[PDB]
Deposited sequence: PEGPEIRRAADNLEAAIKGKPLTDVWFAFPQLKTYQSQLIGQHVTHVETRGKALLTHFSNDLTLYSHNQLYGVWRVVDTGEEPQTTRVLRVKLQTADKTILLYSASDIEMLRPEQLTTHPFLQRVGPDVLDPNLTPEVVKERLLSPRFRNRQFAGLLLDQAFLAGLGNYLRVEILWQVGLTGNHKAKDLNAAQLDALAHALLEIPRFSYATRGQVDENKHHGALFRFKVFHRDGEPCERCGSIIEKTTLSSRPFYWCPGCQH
């Protein structure tokens, strides 16, 4: 679950409980139990995302921070229901008709307003690819900036200090769209390629966010090793890059 999936999840959390008084609040972690009585009768005002960090803002200026890493998942249920699962329940936010449940996540903390800028992840993350105010022109400037122009794309496109919300499938899909492998730096691209990359860094995550739940998003190379590339027909390969799986086409990525 990368930035598009976490924003889709947050949209669902809002549809379920934004604005509604909380009738029960439960946390598994001992250090969070103190907030349960404090939040009953308060409500979620908005569910903000910054990449894969999810920020559940409450009406008393507290914010729950949660990050699913590789395994956390939210579920929306009718109040009082809890489908059998063997996942460990970590958070429950309950209203009169809907409840939201966070399973399995281990990075969960309660933030004061000041911490929204000083928390170690929140302080480090870059601009979010799903932020509609972020433009291809600003992304181009960021690629060519002294800070990032000498960074290899293999790790750059996983680094949330560069652009928040990119993960491994988006890395693989964006590099294939622009015909590049991971072993390039922005300083070495021509202007056409830099512009293509800046656009793809925003447009592919936005297209996944808009249509993966639903022209619709599809993987061109992720998990398609052994299949022919739909652009050039070469057989897609699986290898490792940056200590993560990597999918690419040897016929049209260079």
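- Residues of the deposited sequence missing from the coordinate set occupy a single block of positions, 215 to 222.
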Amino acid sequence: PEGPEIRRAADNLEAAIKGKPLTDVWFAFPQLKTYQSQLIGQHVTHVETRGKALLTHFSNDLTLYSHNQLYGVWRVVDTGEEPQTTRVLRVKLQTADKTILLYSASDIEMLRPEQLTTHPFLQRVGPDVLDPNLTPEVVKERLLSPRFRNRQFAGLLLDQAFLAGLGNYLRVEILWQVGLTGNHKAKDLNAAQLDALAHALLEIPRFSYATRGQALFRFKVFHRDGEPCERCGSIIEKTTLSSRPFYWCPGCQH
From here on, numbers count along this sequence of modelled residues.
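- Of the two segments examined, 219 to 227 and 45 to 53, it is 219 to 227 that shows the higher average Cα temperature factor in the deposited entry.
- Per the PDB record, of the two stretches 89 to 97 and 75 to 83, 75 to 83 carries the greater mean B-factor over its C-alpha atoms.
- Among 133, 160, 177, 168, the highest C-alpha B-factor recorded in the PDB entry belongs to 133.
- In the PDB entry, residue 15 places in the middle third of its chain by CA B-factor.
- The entry lists a Cα temperature factor for residue 38 that places it in the highest third of the chain's modelled residues.
- In this PDB entry, residue 141 carries a Cα temperature factor that places it within the middle third of its chain's modelled residues.
- Sort the modelled residues of the chain by CA B factor and residue 187 lands in the highest third.
- Per-chain ranking of the deposited C-alpha B factor places residue 67 in the middle third.
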